[PDB]
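Novice: 3D, please:
(15 chains, ligands or ions: 11)
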Amino acid sequence: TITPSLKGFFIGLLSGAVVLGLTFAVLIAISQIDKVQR
Amino acid sequence: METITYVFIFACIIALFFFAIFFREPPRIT
Amino acid sequence: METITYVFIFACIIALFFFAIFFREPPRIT
Amino acid sequence: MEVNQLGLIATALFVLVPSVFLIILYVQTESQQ
Amino acid sequence: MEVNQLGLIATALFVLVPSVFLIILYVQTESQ
Amino acid sequence: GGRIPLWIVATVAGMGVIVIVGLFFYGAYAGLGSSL
Amino acid sequence: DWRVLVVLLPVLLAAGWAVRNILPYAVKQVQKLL
Amino acid sequence: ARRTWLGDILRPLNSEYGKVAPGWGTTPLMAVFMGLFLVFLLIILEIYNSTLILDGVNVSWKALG
Amino acid sequence: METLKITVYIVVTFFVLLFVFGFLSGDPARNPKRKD
Amino acid sequence: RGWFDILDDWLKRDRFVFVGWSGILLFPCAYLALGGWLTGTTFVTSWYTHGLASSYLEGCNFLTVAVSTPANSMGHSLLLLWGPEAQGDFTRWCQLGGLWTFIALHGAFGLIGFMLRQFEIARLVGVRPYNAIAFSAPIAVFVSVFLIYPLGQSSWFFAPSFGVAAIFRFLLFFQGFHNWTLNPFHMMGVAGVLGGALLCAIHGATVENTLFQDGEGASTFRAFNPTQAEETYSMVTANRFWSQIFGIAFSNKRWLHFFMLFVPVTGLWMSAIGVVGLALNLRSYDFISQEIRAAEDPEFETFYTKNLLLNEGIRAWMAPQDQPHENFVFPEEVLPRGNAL
Amino acid sequence: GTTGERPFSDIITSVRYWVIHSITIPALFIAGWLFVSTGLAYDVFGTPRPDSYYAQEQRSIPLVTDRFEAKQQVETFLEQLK
Amino acid sequence: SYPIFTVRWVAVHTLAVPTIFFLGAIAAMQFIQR
Amino acid sequence: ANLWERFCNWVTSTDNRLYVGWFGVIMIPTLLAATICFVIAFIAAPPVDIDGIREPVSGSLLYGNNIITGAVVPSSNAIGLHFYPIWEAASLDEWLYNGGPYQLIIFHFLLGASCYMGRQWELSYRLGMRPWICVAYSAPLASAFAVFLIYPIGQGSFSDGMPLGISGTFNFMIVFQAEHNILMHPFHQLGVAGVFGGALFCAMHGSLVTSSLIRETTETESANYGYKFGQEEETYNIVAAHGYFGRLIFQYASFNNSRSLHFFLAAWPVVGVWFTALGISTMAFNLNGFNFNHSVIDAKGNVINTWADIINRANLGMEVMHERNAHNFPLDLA
Amino acid sequence: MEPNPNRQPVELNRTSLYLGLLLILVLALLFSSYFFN
Amino acid sequence: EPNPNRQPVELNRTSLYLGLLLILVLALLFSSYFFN
Ligand code: CLA
Ligand code: CLA
Ligand SMILES: C=Cc1c(C)c2cc3nc(c4c5[nH]c(cc6nc(cc1[nH]2)C(C)=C6CC)c(C)c5C(=O)[C@@H]4C(=O)OC)[C@@H](CCC(=O)OC/C=C(\C)CCC[C@H](C)CCC[C@H](C)CCCC(C)C)[C@@H]3C
Ligand SMILES: CC(C)=CCC/C(C)=C/CC/C(C)=C\CC/C(C)=C/CC/C(C)=C/CC/C(C)=C/CC/C(C)=C/CC/C(C)=C\CC/C(C)=C/CC1=CC(=O)C(C)=C(C)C1=O
Ligand SMILES: CCCCCCCCCCCCCCCC(=O)OC[C@H](COP(=O)(O)OC[C@@H](O)CO)OC(=O)CCCCCCCCCCCCCCC
Ligand SMILES: CC1=C(/C=C/C(C)=C/C=C/C(C)=C/C=C/C=C(C)/C=C/C=C(C)/C=C/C2=C(C)CCCC2(C)C)C(C)(C)CCC1
Ligand SMILES: CCCCCCCCCCCCCCCCCC(=O)O
Ligand code: OEY
Ligand SMILES: [Cl-]
Ligand SMILES: [Cl-]
Ligand SMILES: [Fe+2]
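Specialist: Numbers count the residues shown, from 1 in each chain, chains lettered A, B, ... in the order given. Ligands and ions are numbered 1, 2, ... in the order given. Okay, here it is:
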């Protein structure tokens, strides 16, 4: 069944996803605002 | 060690035969 | 036999020093 | 001293085989020039 | 078999040294 | 802009380090880690 | 517990004070982004 | 170049050098598979490491019987 | 041993004299630019 | 002109600190590795894993603080915060050694990020990637010593702890238990590091003492312009000097600088290999010929047998306190000791 | 040879910089001070205080000996002081 | 006209802020007695 | 054109394949003496009573050593700092038992190496170079004096100088750590920073220059053939190297002046090795590394071990074992 | 059938010879003690 | 100042094959006596 460590695994998985998705979310936003002029 | 040494020398000679026949200096009419 | 081997390698290195210094390829300008 | 008897052939080929390799390449370099 | 242990190195060098000599002379002939 | 002269910034900053570092060396002889 | 607010107060006050003193010029900056 | 019978049979398998699908093609799909495989390898590692403990998975020699 | 001692005393004195008198022989002048 | 190219644009802007795609991996991991080490050395104990104090808070100084390895009972556990050992409790995680794995793993991924950064910048500027390649050596050392080594032993406990003194203890451990000085892979490393340092000093001094007079000042630094095409020192006079002093000199500037890359990079790679062996206790501990003779002939003594007595003292005198999980109790009467001392 | 950020030399000689930072620096310093002087650091990190490395008549180290009960072990040692 | 907030500003304060905080904590520690 | 002036001119000639010079007039015989005695001793010398306790240590190949274990063994503690030339022994047999060859080798070698340094000055002067390469070599030279002369002076005996051997070197550094704790001494810590940083900057400089070689060759040839001995033009682009390294870090942590760069290369390892040679030379007078043994104690007074105490346990093991038959009294005061 | 166009001469200059022989000899000097053990 | 008496040396492929054969067959002959 769904043991304590498998629960921890999912916690770690979602926390990583939040960190990466939040990071990339912020990086895309900034790059959209502050573009380079060609 | 001695069996291996005899077989190794013999095997080198057999390889030499191969090269001496198939990768010889070709004789050409000069 | 081990002593002979150690000293042989050492003497070959000294000999190499001699050729490397006195029989080097000469540096030549441009 | 009771050393490994094969240490001698080990050492001898360890010196001989790569040294011969270099000498072969050196000499055929000179005879191009 | 209780053979002489310098037999191995004596045979190896008997092959190697003269063989290498010939190989050296042959390769430098081809490149010239 | 260039109001505070830089030599004054760097003297005061410098004495600031001398002080905290001196505090760390005093603490080697007092309190925890002093052997006493 | 209370010791956390004690610790965090100088940080919040200092961050407040820098906000107060820089806000005007930080607005100029954001506007220039198109 | 020399033509041979086997060569002529195999020919079309070596005839599309340099052909690409346009732009990003299936790159988004590739990334999905990569991410699943990372999770899959995390699980396998953490099982071996005993950081992930699962019911009925005794990571020991004693699992041979 | 006394013979060995004497020999080494003489050999060392020889080389040290060469050194001292060699550097006294106008050594600053022995350079490639300005000589005196 | 979609979001990927736009983000690429922004990551690769010329700014005071370049970011790049490699920065997404490098900057978080480098900063966390660093922050974990400063946090742990300032506040965190080693009492429950080691029976040691190890933080400024506890009374330690810069030389004795460390982030110490986890307890031997953790094995090779990743020791994730949310893992089954600490169960999400930050405090217990700290007390159990979690900061050690945190620093080591984030440091590992930071090293990758840095070498990717070297690749990324070199590609954007148009130079060859030899700086990245040179950095493989510190990578090999890090992973072999901090990861491979404790992975072959019983646990992370036996990896280096992150501290000045703790590393000193690592060196001494390796002498007494592994006889690491006798290992030819270390010896090659030594030659490579000492040889690199020698090359560094001898090349800098040669250049500085074969300069061309290119200005009138007594401070010769000002007479160099980064865009001049002309060599600033005389290779020819440097070559003559060294040929007459040492017998041989460099004559090829390219070979010279490649050799400077090669020597220390190779030395570090060699030592990494030896440490891999020591992961398995595959030591160069003994010479068998010497031991057979010495066993039979009590008048045979060499510097090799003298150093093994030193190792035997190191092990017996440091094991109980250095390996507290083993519960070694050595009564006075079994400690090896010479006369009087 | 510039990428457009403001030179540091110009910033730290400026009056506005020092109007903000003569506040923000002592504030951060005193914050860290209180983190320790209040005892909070001990509690956050689990670091023993000088009176809590050993129980009064104990000279054994409270060494963790189990991987999966390690947490409970530390908690048991701590209770042997309370 | 220089911008105030930049990637550089973040990198600088990412290091500077905890540095001063740790310095304050380490200073307090010199007065701890056993 | 007199006999002396001709001789002086040959001694200082810049046409000699190897420069002689006035420093060379001393260097050549002393180095030949040291070298010839070292080779013979290493191969064939009999065991030497290094610690003066009639416990001879075998150092040569014929008496059962290999290359790693062999050494020329230091002179007997019974001699201490007394001068022991050959002619002071009743026989060569005696001189060999008591360790005479060590003294002959180290004194000739230190003399010869000091002259080596001066000879580097001298030739620089004859070639119209700047003079300070010899100052870079003073760092290794100082280090050799420290382990062969200064440390034996402070401790009272050449029997505690470094053996002329590979395993003897290790014995020396282990016993040094037990009696001094060189590792906790800041001058050794700076020596490590000097040689680690030296290796680092060696790799850096080599890789940056190698990274920015100007394309002068095809891929079928060594790029080294793109440089010709004596060409006037630089062979790499320092602005490209600086443009790479200043972005790797930030702009102002990278050199754009090659002279400052190469001075830095010279200075860092030289200065670090000066300090480490001075570390050995001052631990010669027993001003040892930091002692934090039992520095941390708890409210009650229990000792709370740190990694320094663990170091101390290892040092104790080296202390109680070394020269195991040589101490009769409880303190190893030298 | 044409001869193979991809063939190339190989070279080793005298300095590389000296450097390689030194490498080999010093390595043998280093490892020989361990081979004899 | 080059010496005018030097000459190139040659060994053609057939001579290599002949020599290598001689050497291997000699070794195959004598090796039994070397091991004895
Ligand atoms: C590039 C940045 C980076 C990287 C590479 C790492 C890497 C690591 N961290 Mg670090 N970390 C980072 C940034 C990073 N961290 C940041 C910014 C912080 C501050 C928040 C931390 C804080 C942190 C802590 C506190 C800890 C780590 C730990 C770890 C390790 C385990 C990571 C793990 O298991 O992830 C698992 C997760 C992933 C790999 C993410 C996979 C993404 C999947 C595919 C997406 C899944 C889809 C989603 C869930 C679906 C939604 C469903 C929903 C609707 C229900 C590893 C060495 C641990 C450690 O060091 O242990 C010693 C630990 O305890 N990290
Ligand atoms: C003449 C003396 C001498 C010399 C020159 C060396 C040289 C060496 N030793 Mg040996 N050693 C010696 C004596 C000596 N040793 C003796 C007597 C002993 C006792 C047995 C040892 C025991 C010993 C051990 C036990 C080990 C070595 C190792 C090494 C290597 C270290 C390589 C390195 O740079 O690691 C430095 C570390 C790295 C390069 C790793 C990556 C570092 C990254 C880039 C760090 C980035 C820092 C980052 C920016 C943050 C810093 C911030 C913070 C500090 C403020 C090197 C070959 C190691 C080895 O062989 O490794 C394979 C090793 O583990 N030595
Ligand atoms: C102790 C010795 C040592 C140190 C400290 C060191 C340090 C460094 N070398 C670097 C580079 C190099 N090193 C090179 C060759 C060498 N480096 C050597 C030895 C070392 N190199 C040697 C001997 C060589 C010769 C082969 C090259 C060729 C380079 C570079 O190109 C590069 C550079 O730019 O130099 C100027 C820099 C990489 C910065 C980085 O990764 O940022 C990112 C930071 C990260 C990823 C954090 C990693 C954290 C580590 C791995 C774990 C935690 C460490 C703790 C925080 C501190 C612990 C301290 C206690 C143990 C006392 C850095 C300054
Ligand atoms: C709860 C929550 C959410 C938590 C918050 C956590 C959080 C979210 C974290 C995310 C962090 C974040 C957003 C990112 C920003 C973080 C950031 C700023 C990270 C900092 C990372 C960091 C530690 C970086 C490492 C710095 C580093 C080690 C560099 C130090 C400088 C250094 C030692 C440089 C060496 C310079 C030197 C001495 C000379 C070079 C050597 C040498 C002589 C070279 C030779 C040489 C040089 C030349 O020049 C040229 C020309 C040539 C020829 C040549 O030979
Ligand atoms: C004071 C009296 C004179 C002292 C005698 C000195 C003798 C030693 C000199 C070395 C000769 C051998 C070098 C040959 C090799 C040789 O001829 O190199 C010559 C080579 C010249 O380089 P160039 O730039 O001309 O050539 C590069 C191009 O050809 C590219 O292919 O120099 C080097 O590469 C420098 C680095 C050599 C670094 C090795 C030197 C130190 C090695 C010490 C070895 C010690 C082992 C000891 C074992 C016991
Ligand atoms: C771990 C962790 C984390 C992170 C953290 C961090 C990020 C931190 C950082 C931190 C920091 C970042 C810190 C810092 C500190 C610093 C210091 C403490 C400093 C000091 C300094 C010094 C002391 C110096 C001095 C000096 C000298 C001595 C000489 C010269 C001058 C000078 C001044 C330099 C988290 C949260 C995620 C969670 C998990 C865990
Ligand atoms: C792929 C990159 C991964 C990046 C971040 C991964 C780690 C982020 C840290 C988040 C962990 C903190 C929350 C988990 C705390 C555990 C609490 C609990 O177990 O209930
Ligand atoms: O360290 Mn310990 O201390 Ca200087 O002496 Mn007393 O013993 Mn002995 O001879 Mn060599 O060594
Ligand atoms: Cl001893
Ligand atoms: Cl005594
Ligand atoms: Fe250079």
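Novice: CA atoms for contacts and neighbours, from now on please.
Specialist: Noted.
Novice: Touching, residue L:27 and residue F:22? I think so.
Specialist: No - counting by C-alpha atoms under 8 Å, residue L:27 stays clear of residue F:22, with 10.3 Å between them.
Novice: Which of these two has more residues huddled nearby?
Specialist: Between residue L:27 and residue F:22, residue L:27 has the larger neighbour count (other C-alpha atoms under 10 Å in any protein chain shown), namely 22 against 11.
Novice: Distance of the more buried one relative to residue J:56?
Specialist: Taking C-alpha to C-alpha, to the nearest Å as the criterion, residue L:27 is separated from residue J:56 by 10 Å.
Novice: same thing with residue M:48?
Specialist: 50 Å.
Novice: So if I had to pick from those two, which one is more boxed in?
Specialist: residue M:48 (28 against 25).
Novice: ok, what's across the strand from that one?
Specialist: For residue M:48, the beta-bridge partners under DSSP bridges are residue M:57.
Novice: List the buried residues in the helix or strand hosting residue I:17.
Specialist: Taking DSSP states H and E as the definition, residue I:17 sits inside helix I:2-23. By neighbour count on 16 or more other C-alpha atoms under 10 Å in any protein chain shown, the buried set for helix I:2-23 is I:18-19, I:22.
Novice: Dump those residues into JSON lines; add distance to chain G as well.
Specialist: Below are the buried residues of helix I:2-23 laid out as JSON lines (distance: C-alpha to the nearest C-alpha, whole Å):
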{"residue": "I:18", "distance to chain G": "77"}
{"residue": "I:19", "distance to chain G": "74"}
{"residue": "I:22", "distance to chain G": "75"}
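Novice: wait, which of those residues is closest to residue D:6?
Specialist: residue I:19 (53.1 Å; C-alpha to C-alpha).
Novice: Counting neighbours, what do you get for the residue in the stretch 51-200 of chain J that chain B sits nearest to?
Specialist: Using C-alpha to the nearest C-alpha, residue J:184 is the residue of the stretch 51-200 of chain J that sits closest to chain B, at 28.6 Å. By the criterion of other C-alpha under 10 Å, residue J:184 has 19 neighbours.
Novice: again, but for the one 5 residues further on
Specialist: For residue J:189, the count of nearby residues is 24 (other C-alpha under 10 Å).
Novice: How much space separates it from residue M:260?
Specialist: Distance, residue J:189 to residue M:260, by C-alpha to C-alpha: 29 Å.
Novice: what's near enough to touch residue D:22?
Specialist: N:12, N:17, N:20-21 (C-alpha atoms under 8 Å, 6 or more residues apart in numbering or on different chains).
Novice: which SS class is it?
Specialist: helix (DSSP: H, G, I helix; E, B strand; the rest coil).
Novice: next one: phi and psi at the residue minimising distance to the centre of chain L?
Specialist: The residue lying closest to the centre of chain L (C-alpha atoms, centre = their mean) is residue L:17, at 2.6 Å. Dihedral pair for residue L:17: phi -60, psi -50, per degrees, to the nearest 10.
Novice: how much space is there between it and chain O?
Specialist: 76 Å (C-alpha to the nearest C-alpha, to the nearest Å).
Novice: That residue contacts residue K:28, doesn't it?
Specialist: Yes - if you go by C-alpha under 8 Å, residue L:17 and residue K:28 touch, sitting 7.1 Å apart.
Novice: does the residue in chain F that ligand 2 sits nearest to belong to a helix or a strand, and which?
Specialist: Closest residue of chain F to ligand 2, C-alpha to the nearest ligand atom: residue F:21 (16.3 Å). Residue F:21 belongs to helix F:6-29 when assigned by DSSP H and E.
Novice: Could you find the closest non-adjacent residue to residue J:68?
Specialist: residue J:161 (4.5 Å; C-alpha to C-alpha, 6 or more residues apart in numbering or on different chains).
Novice: residues in contact with the nearest residue to residue M:73 once chain neighbours are set aside?
Specialist: Counting by C-alpha to C-alpha, 6+ apart, residue M:163 is the residue found nearest to residue M:73 once chain neighbours are left out, at 5.6 Å. Applying C-alpha under 8 Å, 6+ apart, we find residue M:163 in contact with M:71-74, M:169, M:172.
Novice: Just after the helix or strand in which residue J:189 is found, pick out the following helix or strand.
Specialist: Here residue J:189, judged by DSSP H and E, is contained in helix J:184-208. For helix J:184-208, the following helix or strand on the C-terminal side (DSSP H and E) is helix J:235-246.
Novice: And chain N, is that following helix touching that?
Specialist: No - Helix J:235-246 lies apart from chain N when judged by C-alpha under 8 Å from any C-alpha of the partner chain; the minimum separation is 14.1 Å.
Novice: how about that helix as PDB, C-alpha atoms only?
Specialist: Listed next in PDB are the C-alpha coordinates belonging to helix J:235-246 (Å, rounded to 0.1, in the frame of the first residue of the first chain):
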ATOM      1  CA  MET J 235      61.300  33.600 -26.000                       C
ATOM      2  CA  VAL J 236      64.700  33.400 -27.600                       C
ATOM      3  CA  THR J 237      66.500  34.900 -24.600                       C
ATOM      4  CA  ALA J 238      64.500  32.700 -22.200                       C
ATOM      5  CA  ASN J 239      65.400  29.600 -24.300                       C
ATOM      6  CA  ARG J 240      69.100  30.500 -24.200                       C
ATOM      7  CA  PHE J 241      69.100  31.100 -20.500                       C
ATOM      8  CA  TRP J 242      67.400  27.800 -19.600                       C
ATOM      9  CA  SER J 243      69.400  25.800 -22.100                       C
ATOM     10  CA  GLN J 244      72.600  27.000 -20.500                       C
ATOM     11  CA  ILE J 245      71.300  26.800 -16.900                       C
ATOM     12  CA  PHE J 246      69.400  23.500 -17.100                       C
END
